[PDB]
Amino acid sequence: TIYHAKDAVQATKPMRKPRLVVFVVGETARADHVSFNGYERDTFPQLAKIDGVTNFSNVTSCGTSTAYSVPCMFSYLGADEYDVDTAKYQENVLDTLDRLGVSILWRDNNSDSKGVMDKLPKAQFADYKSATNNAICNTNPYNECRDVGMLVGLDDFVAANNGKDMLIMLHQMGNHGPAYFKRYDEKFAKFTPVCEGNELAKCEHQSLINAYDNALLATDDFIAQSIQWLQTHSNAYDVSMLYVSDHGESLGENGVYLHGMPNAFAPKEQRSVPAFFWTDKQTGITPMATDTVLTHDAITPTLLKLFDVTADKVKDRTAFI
């Protein structure tokens, strides 16, 4: 195991108020389909009614796929030295925070870690793609488990870690294709018609867009209920929520669909991602400016600052806060 932060120190310890953070790892969401970034439809109407939400209009993802971007999102090495083949053997930020006492839990309704959780106890990773753990899989014809199912019973995690610092990753299914029409329950079918087939190139363009934007409305609801769930502990915990998407998505420009293109050739749409940060006013955390130029490189500094941790390798590195 190769270290990058054994100098890491937690300045104050939970004493002081414990801190509770949800990190929503998003999936396949494009920045230019976010209402706040100038999009022509209102894809985030619930987040708009929550005070304290910062939308970041200029964030660029590490890469264009889940396997590539996710480990880089928790890396110390930054996009320009990230190497997907050796990422799993590096100390990542969750290894650091777990070593300083923060309780880490990772619930996944997408796929896996991807390696990011592999040095921590297996009990701290939970698969939520199956109805064995996810209580919300019967809400749609496809028996697809839903991201909001990752919220059920999180109060049992808090009680089991009463008074400790806590960081909760919720890894979204989000907007992953090609079958966007299956990513959301029927209550979010606001834009119609939608394309209902797995060959995007036969979709009519607007039907494809409509399905994709309905999926964002489902993600907007999931994020909104994530913050509402944290508000039930604003009494005993300093609560914050952070959202960043792993990568964007192509929707037919120059004939390009889905994602996964090499960075040297990937179009703008595959790397321009939304990010949200919310925190309760009790907590004293100040978000950076909304138009700050940011990348996935800001996640690791952000996560460390959220828990008052210092490591002489990532400070002065721009964060979301």
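The numbering used is simple: start at 1 and walk along the sequence shown.
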Counting only residues of the deposited sequence, how many between residue 14 and residue 15 have no atoms in the entry (none, 1 to 3, 4 to 9, 10 or more)?
1 to 3
Between 63 to 71 and 285 to 293, which has the higher average C-alpha B-factor in the PDB entry?
285 to 293
So, looking at the entry's B-factor column for Cα atoms, which has the higher mean, 127 to 135 or 176 to 184?
127 to 135
200, 145, 170, 227, ranked by C-alpha B-factor: the highest one:
200
Scanning 191, 106, 237, 243 for peak Cα temperature factor in the entry gives 237
Grab the CA temperature factor for residue 272 from the record and place it in the lowest, middle or highest third of its chain.
lowest
In terms of the CA temperature factor given in the entry, to which third of its chain does residue 81 belong: lowest, middle or highest?
lowest
Against its chain's modelled residues, does residue 114's Cα B factor rank lowest, middle or highest third?
middle
State the tercile, meaning the lowest, middle or highest third, of residue 27 with respect to the CA B-factors recorded for its chain.
lowest
By the record's CA B-factor, is residue 97 among the lowest, middle or highest third of residues in the chain?
highest
